[PDB]
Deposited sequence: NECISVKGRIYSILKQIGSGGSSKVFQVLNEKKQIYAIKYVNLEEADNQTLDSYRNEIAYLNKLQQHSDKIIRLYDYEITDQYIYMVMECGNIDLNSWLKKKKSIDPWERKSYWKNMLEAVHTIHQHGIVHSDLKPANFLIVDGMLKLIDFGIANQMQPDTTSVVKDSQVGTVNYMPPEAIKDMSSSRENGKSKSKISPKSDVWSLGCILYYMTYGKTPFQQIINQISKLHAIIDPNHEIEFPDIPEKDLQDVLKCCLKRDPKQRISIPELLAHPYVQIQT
């Protein structure tokens, strides 16, 4: 099949992702340059969904300039029937790359952590809190991690509640701040370090949600060479968000600033 966007015509290689009424395709332009196109079918979309898609496109647009750790938006086309967004294609999403690697170079993990903090910090500066970060939200391209979305519109999945923060659960029934994203980033780094998510081994959602909120449930951190890392994990995974480390701090931390 093919897709046209503002004139230009693109050929579908395959479908790399899917969600409610939308699909992401890997595609090629005329000069055989590769891109990711998101297609949103708006035909039965409520005004809230409509507005959330409008808000994503606008934020994606504005944030272009502020970091190259945010996915590139080259062009889009929006009508009443559909959206098409032409964006950069990556090598692999971080959630897939994590299941395949299964022992991560410490240098690559540290570099990737910086990439994530910078992307997320960037959206925090424009008043966004993602609130649902997980490794699927990040994408490897060149040698760096880019943020794919902002938690604004429907989440897509590649063709998952380990990462939820305590404030969000105790929220019911706002306590959501930028710290909420630190928690989820905490969990992602934990996974890249210990090879699992802090509350992964717990068995059935409903119990795990109590654990996540329960102070007495001591979260455990095996000792490891890198103590900068160990400290980062501890600081991100504090349950009281007022005492949780912030992203500006994280960026000032030896784990990020100091190599070897």
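Several segments of the deposited sequence have no coordinates for C-alpha: 1, 161 to 171, 186 to 194, numbered from the first residue.
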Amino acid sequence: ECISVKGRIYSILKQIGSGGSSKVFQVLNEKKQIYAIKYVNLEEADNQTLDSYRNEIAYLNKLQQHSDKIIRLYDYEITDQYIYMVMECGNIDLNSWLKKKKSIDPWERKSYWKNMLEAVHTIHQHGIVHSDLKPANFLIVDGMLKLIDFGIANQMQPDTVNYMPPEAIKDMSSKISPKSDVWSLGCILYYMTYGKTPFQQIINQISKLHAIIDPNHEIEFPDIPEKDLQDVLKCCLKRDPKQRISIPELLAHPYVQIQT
From here on, numbers count along this sequence of modelled residues.
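Think of the rigid core as the biggest set of C-alphas that the two forms share within 1.5 Å after superposition.
After superposition on the rigid core, the larger root-mean-square Cα deviation in 7 other deposited structures of this protein belongs to 138 to 146, not to the other of 138 to 146 and 186 to 194. In terms of root mean square C-alpha deviation after superposing on the rigid core in 7 other deposited structures of this protein, the stretch standing farther out between 216 to 224 and 29 to 37 is 29 to 37. Coverage remark for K175: absent from the model in at least one third of the other entries compared whose chains are built on both sides.
Among other deposited entries of this protein with both flanking residues present, at least a third omit coordinates for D159. In this entry, 211 to 219 shows the higher mean Cα temperature factor of the pair 211 to 219 and 36 to 44. Just going by the entry, 107 to 115 versus 164 to 172 on mean CA temperature factor gives the higher value to 164 to 172. In the deposited coordinates, the residue among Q26, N61, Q205, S52 with the greatest CA B-factor is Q205. Of the residues listed, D93, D181, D159, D149, the entry assigns the biggest Cα temperature factor to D159. Among all modelled residues in this chain, the alpha-carbon of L98 has a temperature factor (C-alpha) in the highest third. In the deposited entry, the Cα temperature factor of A153 places it in the lowest third of its chain's modelled residues. Annotation for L250: C-alpha temperature factor in the lowest third relative to the rest of the modelled chain, per the entry. Split the chain's modelled residues into thirds by C-alpha temperature factor. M144 is in the highest one. In the PDB entry, a CA B factor belonging to the highest third of its chain's modelled residues is recorded for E30.
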